[PDB]
file coords.txt (compact mmCIF, C-alpha atoms (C1' of nucleotides))
# COMPACT_ATOMS: atom_id res chain seq x y z
CA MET A 305 15.57 -8.49 -15.64
CA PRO A 306 17.88 -7.18 -12.83
CA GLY A 307 18.53 -10.88 -11.94
CA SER A 308 20.90 -10.67 -14.99
CA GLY A 309 23.27 -7.87 -13.78
CA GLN A 310 23.16 -7.99 -9.90
CA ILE A 311 23.50 -11.39 -8.07
CA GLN A 312 20.34 -12.98 -6.49
CA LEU A 313 19.94 -15.98 -4.09
CA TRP A 314 17.77 -18.32 -6.27
CA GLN A 315 19.95 -17.25 -9.30
CA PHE A 316 23.11 -17.87 -7.15
CA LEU A 317 21.86 -20.93 -5.14
CA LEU A 318 21.30 -22.84 -8.45
CA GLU A 319 24.99 -22.34 -9.44
CA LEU A 320 25.49 -25.12 -6.85
CA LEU A 321 22.55 -27.53 -7.64
CA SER A 322 23.34 -27.95 -11.42
CA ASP A 323 27.16 -28.01 -10.73
CA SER A 324 28.20 -31.60 -9.69
CA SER A 325 31.33 -30.24 -7.83
CA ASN A 326 29.26 -28.30 -5.18
CA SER A 327 27.09 -31.36 -4.16
CA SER A 328 29.46 -31.16 -1.09
CA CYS A 329 26.90 -28.56 0.27
CA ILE A 330 23.50 -29.33 -1.47
CA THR A 331 21.65 -31.59 -4.03
CA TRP A 332 18.46 -31.77 -6.16
CA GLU A 333 16.06 -34.06 -4.19
CA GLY A 334 14.14 -36.10 -6.81
CA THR A 335 12.20 -35.67 -10.12
CA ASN A 336 10.05 -32.80 -8.68
CA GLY A 337 11.54 -29.37 -7.73
CA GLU A 338 13.22 -30.00 -4.30
CA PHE A 339 16.72 -29.41 -2.78
CA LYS A 340 18.70 -30.61 0.29
CA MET A 341 20.97 -28.41 2.51
CA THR A 342 24.31 -30.22 3.30
CA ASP A 343 26.28 -27.77 5.55
CA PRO A 344 23.64 -25.20 6.68
CA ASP A 345 26.42 -22.67 7.69
CA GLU A 346 28.97 -23.31 4.84
CA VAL A 347 26.03 -22.51 2.46
CA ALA A 348 25.50 -19.07 4.17
CA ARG A 349 29.34 -18.60 4.34
CA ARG A 350 29.86 -18.49 0.49
CA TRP A 351 26.70 -16.30 0.15
CA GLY A 352 28.68 -14.02 2.52
CA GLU A 353 31.81 -14.55 0.31
CA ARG A 354 29.75 -13.24 -2.72
CA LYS A 355 27.64 -10.53 -0.92
CA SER A 356 30.93 -9.31 0.75
CA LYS A 357 28.99 -9.88 4.05
CA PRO A 358 31.31 -11.77 6.49
CA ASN A 359 28.73 -11.56 9.37
CA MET A 360 26.37 -13.84 7.29
CA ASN A 361 24.88 -17.08 8.81
CA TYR A 362 21.87 -19.42 8.06
CA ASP A 363 19.35 -17.39 10.20
CA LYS A 364 20.19 -14.42 7.88
CA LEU A 365 20.18 -16.04 4.37
CA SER A 366 17.15 -18.14 5.57
CA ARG A 367 14.89 -15.09 6.35
CA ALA A 368 15.55 -13.77 2.78
CA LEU A 369 14.27 -17.18 1.48
CA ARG A 370 11.16 -17.10 3.75
CA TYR A 371 10.18 -13.80 1.98
CA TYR A 372 9.95 -15.82 -1.30
CA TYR A 373 6.78 -17.57 0.08
CA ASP A 374 4.37 -14.57 -0.24
CA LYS A 375 5.84 -13.82 -3.76
CA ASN A 376 5.51 -17.47 -5.04
CA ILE A 377 9.19 -18.00 -6.10
CA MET A 378 9.69 -21.19 -3.97
CA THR A 379 7.99 -23.01 -1.01
CA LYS A 380 8.87 -25.20 2.06
CA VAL A 381 8.82 -29.03 2.31
CA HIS A 382 7.19 -29.02 5.80
CA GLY A 383 9.16 -30.60 8.71
CA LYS A 384 12.21 -31.60 6.54
CA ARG A 385 15.50 -30.28 8.09
CA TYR A 386 16.45 -27.50 5.56
CA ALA A 387 14.59 -28.52 2.32
CA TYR A 388 12.47 -26.08 0.22
CA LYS A 389 11.56 -26.18 -3.56
CA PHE A 390 11.31 -23.73 -6.56
CA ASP A 391 7.96 -22.60 -8.14
CA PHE A 392 8.96 -22.12 -11.85
CA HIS A 393 5.30 -21.99 -13.14
CA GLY A 394 5.51 -18.62 -11.21
CA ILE A 395 9.19 -17.55 -11.93
CA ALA A 396 8.01 -16.96 -15.58
CA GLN A 397 5.02 -14.77 -14.48
CA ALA A 398 7.64 -13.08 -12.18
CA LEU A 399 9.98 -12.78 -15.26
CA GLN A 400 7.22 -12.28 -17.96
CA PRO A 401 3.59 -10.97 -18.06
CA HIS A 402 0.32 -12.61 -19.34
CA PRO B 2 -20.86 25.24 11.38
CA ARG B 3 -21.58 22.37 8.87
CA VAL B 4 -21.08 24.77 5.85
CA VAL B 5 -19.17 28.03 4.96
CA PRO B 6 -21.10 31.38 4.91
CA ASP B 7 -20.30 32.10 1.18
CA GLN B 8 -21.27 28.52 0.08
CA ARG B 9 -21.96 29.58 -3.58
CA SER B 10 -18.77 31.78 -3.74
CA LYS B 11 -16.35 28.98 -2.60
CA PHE B 12 -17.68 26.53 -5.31
CA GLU B 13 -17.32 29.25 -8.05
CA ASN B 14 -13.89 30.53 -6.73
CA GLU B 15 -11.96 27.46 -5.34
CA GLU B 16 -9.61 25.79 -7.93
CA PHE B 17 -10.50 22.51 -6.07
CA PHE B 18 -14.26 22.69 -7.02
CA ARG B 19 -14.03 24.20 -10.59
CA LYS B 20 -11.35 21.50 -11.41
CA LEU B 21 -14.24 19.00 -10.69
CA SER B 22 -17.13 21.13 -12.19
CA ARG B 23 -16.34 19.68 -15.71
CA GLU B 24 -17.03 16.00 -16.70
CA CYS B 25 -13.76 14.28 -15.53
CA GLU B 26 -12.29 10.71 -15.73
CA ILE B 27 -13.46 8.65 -12.65
CA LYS B 28 -12.91 4.96 -11.64
CA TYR B 29 -14.03 2.45 -8.90
CA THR B 30 -11.35 2.34 -6.10
CA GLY B 31 -12.94 -0.46 -3.97
CA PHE B 32 -11.03 -3.77 -3.44
CA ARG B 33 -7.96 -2.96 -5.66
CA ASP B 34 -6.22 -6.27 -4.63
CA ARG B 35 -9.16 -8.44 -5.95
CA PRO B 36 -9.77 -10.18 -9.34
CA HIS B 37 -11.69 -8.14 -12.02
CA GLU B 38 -14.69 -10.57 -11.62
CA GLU B 39 -15.12 -10.00 -7.80
CA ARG B 40 -14.65 -6.17 -8.16
CA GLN B 41 -17.50 -6.16 -10.80
CA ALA B 42 -20.01 -7.94 -8.44
CA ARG B 43 -18.99 -5.99 -5.24
CA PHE B 44 -19.37 -2.60 -7.07
CA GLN B 45 -22.85 -3.53 -8.53
CA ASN B 46 -24.28 -5.06 -5.25
CA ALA B 47 -22.97 -1.90 -3.42
CA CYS B 48 -24.59 0.53 -6.00
CA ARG B 49 -27.92 -1.36 -5.42
CA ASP B 50 -27.40 -0.84 -1.60
CA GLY B 51 -26.86 2.88 -2.49
CA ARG B 52 -23.07 3.31 -1.77
CA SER B 53 -19.63 3.00 -3.53
CA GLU B 54 -16.03 4.46 -3.69
CA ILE B 55 -15.24 6.52 -6.88
CA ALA B 56 -12.22 8.87 -7.40
CA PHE B 57 -11.37 11.48 -10.13
CA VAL B 58 -8.25 9.69 -11.59
CA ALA B 59 -6.89 12.95 -13.17
CA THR B 60 -6.86 15.16 -9.99
CA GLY B 61 -6.39 12.22 -7.50
CA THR B 62 -9.50 13.18 -5.41
CA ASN B 63 -11.18 10.04 -3.90
CA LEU B 64 -14.77 9.91 -2.47
CA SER B 65 -17.04 7.44 -0.58
CA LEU B 66 -20.59 8.10 -1.97
CA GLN B 67 -24.14 7.45 -0.55
CA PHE B 68 -27.00 7.60 -3.15
CA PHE B 69 -29.82 8.68 -0.72
CA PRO B 70 -31.17 11.70 1.30
CA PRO B 81 -32.49 1.67 -2.66
CA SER B 82 -33.47 4.78 -4.76
CA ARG B 83 -34.46 5.74 -8.40
CA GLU B 84 -32.93 9.11 -9.55
CA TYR B 85 -29.73 8.43 -7.45
CA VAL B 86 -28.85 4.93 -8.89
CA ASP B 87 -30.43 4.09 -12.34
CA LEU B 88 -29.17 0.99 -14.32
CA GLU B 89 -31.65 1.58 -17.27
CA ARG B 90 -30.55 4.97 -18.83
CA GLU B 91 -27.85 2.85 -20.65
CA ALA B 92 -26.84 -0.88 -20.90
CA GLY B 93 -23.47 -1.99 -19.39
CA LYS B 94 -23.28 1.04 -17.00
CA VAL B 95 -25.11 2.93 -14.14
CA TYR B 96 -25.73 6.69 -13.42
CA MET B 101 -22.92 15.52 0.25
CA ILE B 102 -21.14 18.45 2.06
CA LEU B 103 -17.59 18.72 0.54
CA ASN B 104 -15.38 21.30 2.39
CA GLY B 105 -18.50 23.05 3.83
CA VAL B 106 -20.18 23.25 0.35
CA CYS B 107 -23.50 21.37 -0.35
CA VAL B 108 -22.78 19.59 -3.72
CA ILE B 109 -24.16 16.61 -5.78
CA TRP B 113 -21.65 6.92 -14.80
CA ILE B 114 -19.41 3.77 -14.45
CA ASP B 115 -19.07 0.85 -16.99
CA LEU B 116 -20.43 -2.31 -15.19
CA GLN B 117 -17.55 -4.27 -16.92
CA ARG B 118 -14.56 -1.80 -16.97
CA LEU B 119 -15.46 -0.31 -13.49
CA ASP B 120 -14.52 3.17 -14.93
CA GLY B 121 -16.32 6.12 -16.62
CA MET B 122 -17.08 9.88 -16.25
CA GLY B 123 -18.61 12.18 -13.54
CA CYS B 124 -18.43 15.68 -11.91
CA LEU B 125 -19.63 17.93 -9.01
CA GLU B 126 -22.72 20.26 -9.14
CA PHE B 127 -23.46 23.00 -6.50
CA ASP B 128 -26.64 22.10 -4.47
CA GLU B 129 -28.63 25.43 -4.28
CA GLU B 130 -31.53 23.57 -2.49
CA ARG B 131 -29.53 22.19 0.53
CA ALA B 132 -27.14 25.26 0.50
CA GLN B 133 -30.27 27.28 1.57
CA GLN B 134 -31.66 24.59 4.00
CA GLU B 135 -28.19 24.28 5.68
CA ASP B 136 -27.45 28.08 5.65
CA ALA B 137 -30.95 28.54 7.28
CA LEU B 138 -29.75 26.37 10.27
CA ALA B 139 -27.76 29.47 11.48
CA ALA C 111 -0.65 16.04 20.01
CA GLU C 112 -0.36 18.79 17.28
CA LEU C 113 -3.09 19.67 14.67
CA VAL C 114 -3.15 21.21 11.12
CA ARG C 115 -5.82 22.95 8.90
CA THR C 116 -8.15 21.11 6.43
CA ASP C 117 -10.20 22.07 3.29
CA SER C 118 -13.27 21.79 5.63
CA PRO C 119 -12.65 24.18 8.59
CA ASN C 120 -15.20 22.09 10.66
CA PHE C 121 -12.62 19.21 11.01
CA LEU C 122 -8.81 18.96 11.66
CA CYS C 123 -6.27 16.06 11.69
CA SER C 124 -2.64 15.13 12.69
CA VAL C 125 0.56 16.66 11.17
CA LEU C 126 1.39 13.62 8.92
CA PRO C 127 5.13 14.16 8.23
CA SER C 128 6.70 15.26 4.86
CA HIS C 129 8.12 11.90 3.59
CA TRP C 130 7.85 8.35 5.11
CA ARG C 131 8.46 4.63 4.18
CA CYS C 132 5.85 2.41 2.38
CA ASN C 133 3.84 0.72 5.22
CA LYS C 134 5.37 1.87 8.58
CA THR C 135 4.04 2.25 12.14
CA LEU C 136 3.44 6.07 11.79
CA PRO C 137 5.73 8.24 14.02
CA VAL C 138 2.56 9.95 15.44
CA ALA C 139 -0.77 7.99 15.11
CA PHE C 140 -3.68 9.67 13.23
CA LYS C 141 -6.10 11.92 15.25
CA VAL C 142 -9.16 13.42 13.41
CA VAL C 143 -11.08 16.17 15.33
CA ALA C 144 -14.86 16.96 15.17
CA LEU C 145 -15.52 20.69 16.01
CA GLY C 146 -19.15 20.31 14.82
CA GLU C 147 -20.85 18.03 17.43
CA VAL C 148 -20.70 14.46 15.90
CA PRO C 149 -22.48 11.42 17.47
CA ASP C 150 -19.51 9.65 19.23
CA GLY C 151 -19.74 6.30 17.33
CA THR C 152 -19.82 7.59 13.67
CA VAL C 153 -17.22 5.88 11.36
CA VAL C 154 -14.34 7.73 9.53
CA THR C 155 -12.42 6.19 6.54
CA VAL C 156 -9.59 7.78 4.43
CA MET C 157 -8.74 7.22 0.68
CA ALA C 158 -5.23 8.20 -0.63
CA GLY C 159 -5.82 10.49 -3.67
CA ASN C 160 -3.09 11.10 -6.32
CA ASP C 161 -3.11 11.57 -10.17
CA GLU C 162 -0.84 8.41 -10.11
CA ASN C 163 -2.33 5.14 -8.65
CA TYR C 164 -5.51 7.11 -7.75
CA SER C 165 -6.47 4.70 -4.86
CA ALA C 166 -3.35 3.43 -2.98
CA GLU C 167 -3.53 0.43 -0.56
CA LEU C 168 -4.02 1.48 3.14
CA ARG C 169 -4.35 -0.50 6.46
CA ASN C 170 -6.50 0.35 9.55
CA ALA C 171 -8.04 2.96 7.15
CA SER C 172 -11.43 2.92 9.05
CA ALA C 173 -11.79 4.46 12.59
CA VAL C 174 -14.62 5.24 15.12
CA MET C 175 -15.50 8.82 16.29
CA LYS C 176 -15.24 8.90 20.15
CA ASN C 177 -15.42 12.06 22.41
CA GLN C 178 -15.59 14.19 19.16
CA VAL C 179 -12.05 12.83 18.30
CA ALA C 180 -11.75 9.88 15.82
CA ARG C 181 -8.29 8.17 16.23
CA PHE C 182 -6.77 5.46 13.93
CA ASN C 183 -5.16 2.63 16.03
CA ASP C 184 -2.33 2.71 13.41
CA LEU C 185 -3.05 3.86 9.81
CA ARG C 186 -0.35 2.62 7.33
CA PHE C 187 0.38 3.88 3.75
CA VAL C 188 1.22 0.95 1.35
CA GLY C 189 0.41 2.14 -2.24
CA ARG C 190 3.29 4.55 -3.12
CA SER C 191 2.55 8.13 -4.44
CA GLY C 192 5.73 8.33 -6.60
CA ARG C 193 8.72 10.71 -7.04
CA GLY C 194 8.10 14.28 -5.68
CA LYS C 195 4.36 13.35 -5.55
CA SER C 196 2.24 13.22 -2.32
CA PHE C 197 -1.40 12.17 -1.53
CA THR C 198 -4.46 14.49 -1.51
CA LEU C 199 -6.05 11.89 0.85
CA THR C 200 -9.89 12.10 1.17
CA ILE C 201 -11.52 11.85 4.67
CA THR C 202 -15.13 10.45 4.92
CA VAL C 203 -17.45 10.80 8.00
CA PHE C 204 -20.28 8.16 7.76
CA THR C 205 -23.48 10.18 8.66
CA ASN C 206 -26.76 11.28 6.85
CA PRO C 207 -25.49 12.89 4.74
CA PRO C 208 -21.74 12.06 5.01
CA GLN C 209 -19.16 14.94 4.74
CA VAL C 210 -15.54 15.07 3.39
CA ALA C 211 -12.51 17.39 3.92
CA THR C 212 -9.86 17.06 1.13
CA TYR C 213 -6.20 17.36 2.30
CA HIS C 214 -3.61 18.23 -0.44
CA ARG C 215 0.19 17.52 -0.06
CA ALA C 216 -0.52 15.15 2.93
CA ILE C 217 2.57 12.83 2.80
CA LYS C 218 5.14 11.46 0.27
CA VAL C 219 4.96 7.59 0.26
CA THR C 220 8.21 5.98 -1.10
CA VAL C 221 9.93 2.60 -0.28
CA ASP C 222 12.72 4.31 1.77
CA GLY C 223 11.88 6.72 4.60
CA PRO C 224 14.28 9.66 4.09
CA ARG C 225 17.72 8.19 5.01
CA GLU C 226 20.79 10.50 5.12
CA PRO C 227 21.64 10.05 1.40
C1' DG D 1 22.26 12.52 -8.50
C1' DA D 2 18.62 12.46 -5.03
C1' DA D 3 14.96 10.15 -5.19
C1' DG D 4 12.44 5.74 -6.10
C1' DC D 5 13.06 1.47 -6.56
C1' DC D 6 15.06 -2.83 -5.46
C1' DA D 7 16.18 -7.60 -3.10
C1' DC D 8 18.54 -8.83 1.20
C1' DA D 9 20.63 -7.70 6.13
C1' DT D 10 20.26 -7.87 10.41
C1' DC D 11 17.09 -8.27 14.28
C1' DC D 12 14.66 -9.76 17.92
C1' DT D 13 9.89 -12.47 18.45
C1' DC D 14 7.12 -16.34 19.11
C1' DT D 15 5.07 -20.61 18.45
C1' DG D 16 4.68 -24.93 16.72
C1' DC E 1 15.30 -25.24 17.67
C1' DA E 2 13.57 -24.60 13.47
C1' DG E 3 10.65 -22.05 10.91
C1' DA E 4 7.27 -17.85 9.54
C1' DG E 5 7.48 -13.15 10.18
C1' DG E 6 7.12 -7.80 11.51
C1' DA E 7 10.31 -3.96 11.59
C1' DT E 8 13.92 -1.29 9.97
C1' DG E 9 18.38 -0.07 8.33
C1' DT E 10 21.55 -1.15 3.73
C1' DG E 11 23.58 -1.24 -0.51
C1' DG E 12 23.42 -1.63 -5.43
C1' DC E 13 20.92 -0.25 -9.18
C1' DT E 14 17.27 2.37 -12.74
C1' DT E 15 14.83 7.15 -13.18
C1' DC E 16 14.01 10.98 -13.37

call {"tool": "encode", "arguments": {"input": "coords.txt", "output": "structure tokens"}}
result
Amino acid sequence: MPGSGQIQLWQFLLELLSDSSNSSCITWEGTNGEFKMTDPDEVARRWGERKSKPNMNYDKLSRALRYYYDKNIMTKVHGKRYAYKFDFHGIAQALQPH
Amino acid sequence: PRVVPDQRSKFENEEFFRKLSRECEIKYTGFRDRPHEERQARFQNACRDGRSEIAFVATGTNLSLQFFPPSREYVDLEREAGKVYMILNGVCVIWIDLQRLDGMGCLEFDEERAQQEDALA
Amino acid sequence: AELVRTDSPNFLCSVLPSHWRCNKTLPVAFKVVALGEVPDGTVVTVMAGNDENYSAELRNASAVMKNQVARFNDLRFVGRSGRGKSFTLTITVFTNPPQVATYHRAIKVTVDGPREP
DNA sequence: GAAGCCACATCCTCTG
DNA sequence: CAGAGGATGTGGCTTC
């Protein structure tokens, strides 16, 4: 699917979870699908570095993520300062039929 | 004027009407964003009320229908199991699978009302 | 506002522009005119007709006839027509019996409103 | 290759 | 102030 060829967020974001060397900016939070946000504006910065979008900030990247809600890609951990989680039971209906 | 003077002529001349004079492919258009189960109930309960929303898939032409002047000859669920049997552009004119919510239908010129309506002028 | 013909010469409606974006605040809201004296209160719905996705998704699709002029707070076209293809949108007037005016080549509904390419 | 998609970009807004 | 969200331009990418 065009997640292969052209770079996504969720496809890109999880270059940084699984990689131990980027825990400087994020981490898996626990057994269940969850993730922390170390530097909220160094995160956005590299997403700018990739997207070739130097203007980028959190407010910008963030909005894009808040779309994901209605589509059932990921969801928010309510009240937690910058912690959402991935819905994979849906990523496979979003990457394969039934 | 509710109708056109040459009410018969338009039906038997307009590409629009003759394209719908033959038995065409129709389908239920109501509540497209709803599960197949809900759409089945809504369509049936509505048919019983004497109304629905069917559209000739092929041509694109949608319609909101009213089976009236509850009825008998306008909405019959007995003629066959698992299915059920206005003034369009100033022309007086007159089945869907209860599971698939699709089937076949067409238009037929209403000579009766075409006279009644034409007489109101 | 400006009007255009119909397939029923008893009713007329707005000049819905050539090509627009999927679900936008229309550039001119939808007026629908009753030349034949209609009881100001009668309902008017529209259904987007096209060989492809025969019933598109619409929003504020129902409106009330008032002063012989039914207006749609803000109609919005969601279900796309497709490439080159427009909607022959149907127009219902809830009376006894109800009446419809078909309207071919109404508007082209894509994801982009026509940007300078 | 414009013509339809696409998945963010950039924006200014509320409202907890 | 974060966080959900409408609106609307943007750029890369399949489809006619």

call {"tool": "residues_around", "arguments": {"input": "coords.txt", "residues": "residue 2 of chain E", "least_positions_apart": "2", "cutoff": "10 Å", "atoms": "all atoms listed in the file", "output": "ChimeraX atom specification"}}
result
/A:363,383-386 /D:16

call {"tool": "residues_near_point", "arguments": {"input": "coords.txt", "point": "(-0.4, 8.7, -3.9)", "cutoff": "10 Å", "atoms": "all atoms listed in the file", "output": "count of residues only"}}
result
30

call {"tool": "interface_residues", "arguments": {"input": "coords.txt", "of": "chain A", "to": "chain D", "cutoff": "10 Å", "atoms": "all atoms listed in the file", "output": "number ranges by chain"}}
result
A: 306-307, 310-313, 355, 357, 359-360, 363-365, 367-369, 371

call {"tool": "closest_residue", "arguments": {"input": "coords.txt", "among": "C:186, C:138, C:181, C:118", "to": "chain B", "atoms": "all atoms listed in the file"}}
result
C:118

call {"tool": "closest_atom_pairs", "arguments": {"input": "coords.txt", "of": "chain B", "to": "chain C", "cutoff": "6 Å", "atoms": "only C-alpha atoms", "output": "Markdown table"}}
result
| residue | atom | partner | partner_atom | distance |
| --- | --- | --- | --- | --- |
| B:30 | CA | C:165 | CA | 5.6 |
| B:58 | CA | C:164 | CA | 5.4 |
| B:59 | CA | C:161 | CA | 5.0 |
| B:60 | CA | C:161 | CA | 5.2 |
| B:61 | CA | C:160 | CA | 3.7 |
| B:62 | CA | C:159 | CA | 4.9 |
| B:63 | CA | C:159 | CA | 5.4 |
| B:101 | CA | C:207 | CA | 5.8 |
| B:102 | CA | C:209 | CA | 4.8 |
| B:103 | CA | C:210 | CA | 5.1 |
| B:104 | CA | C:118 | CA | 3.9 |
| B:105 | CA | C:118 | CA | 5.7 |

call {"tool": "interface_residues", "arguments": {"input": "coords.txt", "of": "chain C", "to": "chain E", "cutoff": "12 Å", "atoms": "only C-alpha atoms (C1' of nucleotides)", "output": "number ranges by chain"}}
result
C: 131-135, 192-194, 221-227

call {"tool": "atom_distance", "arguments": {"input": "coords.txt", "atom1": "atom CA of residue 326 of chain A", "atom2": "atom CA of residue 373 of chain A"}}
result
25.5 Å

call {"tool": "decode", "arguments": {"input": "coords.txt", "residues": "segment 319-334 of chain A", "atoms": "N, CA and C atoms", "output": "mmCIF file, in the first residue's frame"}}
result
data_model
loop_
_atom_site.group_PDB
_atom_site.id
_atom_site.type_symbol
_atom_site.label_atom_id
_atom_site.label_comp_id
_atom_site.auth_asym_id
_atom_site.auth_seq_id
_atom_site.Cartn_x
_atom_site.Cartn_y
_atom_site.Cartn_z
ATOM 1 N N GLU A 319 9.898 4.212 13.495
ATOM 2 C CA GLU A 319 11.344 4.023 13.198
ATOM 3 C C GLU A 319 12.140 4.349 14.465
ATOM 4 N N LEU A 320 11.454 4.937 15.444
ATOM 5 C CA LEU A 320 12.041 5.677 16.586
ATOM 6 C C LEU A 320 11.653 4.986 17.903
ATOM 7 N N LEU A 321 10.484 4.331 17.944
ATOM 8 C CA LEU A 321 10.058 3.415 19.041
ATOM 9 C C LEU A 321 10.985 2.193 19.088
ATOM 10 N N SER A 322 10.959 1.366 18.032
ATOM 11 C CA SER A 322 11.656 0.053 17.918
ATOM 12 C C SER A 322 13.176 0.231 18.010
ATOM 13 N N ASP A 323 13.699 1.345 17.478
ATOM 14 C CA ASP A 323 15.139 1.718 17.527
ATOM 15 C C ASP A 323 15.481 2.238 18.928
ATOM 16 N N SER A 324 16.418 1.566 19.605
ATOM 17 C CA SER A 324 16.867 1.853 20.995
ATOM 18 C C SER A 324 17.615 3.196 21.067
ATOM 19 N N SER A 325 18.193 3.653 19.947
ATOM 20 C CA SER A 325 19.100 4.832 19.855
ATOM 21 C C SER A 325 18.312 6.148 19.786
ATOM 22 N N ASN A 326 16.994 6.082 19.573
ATOM 23 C CA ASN A 326 16.109 7.269 19.412
ATOM 24 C C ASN A 326 15.206 7.437 20.642
ATOM 25 N N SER A 327 15.386 6.596 21.669
ATOM 26 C CA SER A 327 14.676 6.665 22.976
ATOM 27 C C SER A 327 14.959 8.014 23.656
ATOM 28 N N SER A 328 15.931 8.765 23.124
ATOM 29 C CA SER A 328 16.252 10.176 23.468
ATOM 30 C C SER A 328 15.035 11.093 23.266
ATOM 31 N N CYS A 329 14.029 10.661 22.491
ATOM 32 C CA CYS A 329 12.884 11.509 22.051
ATOM 33 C C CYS A 329 11.516 10.826 22.231
ATOM 34 N N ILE A 330 11.473 9.549 22.632
ATOM 35 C CA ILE A 330 10.212 8.751 22.736
ATOM 36 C C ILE A 330 10.504 7.433 23.472
ATOM 37 N N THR A 331 9.467 6.630 23.747
ATOM 38 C CA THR A 331 9.570 5.219 24.220
ATOM 39 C C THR A 331 8.187 4.557 24.158
ATOM 40 N N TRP A 332 8.148 3.254 23.846
ATOM 41 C CA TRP A 332 7.023 2.345 24.193
ATOM 42 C C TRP A 332 6.699 2.547 25.675
ATOM 43 N N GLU A 333 5.426 2.734 26.021
ATOM 44 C CA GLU A 333 4.982 2.775 27.436
ATOM 45 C C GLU A 333 4.154 1.519 27.719
ATOM 46 N N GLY A 334 4.835 0.431 28.084
ATOM 47 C CA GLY A 334 4.223 -0.760 28.699
ATOM 48 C C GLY A 334 3.882 -1.845 27.693
#
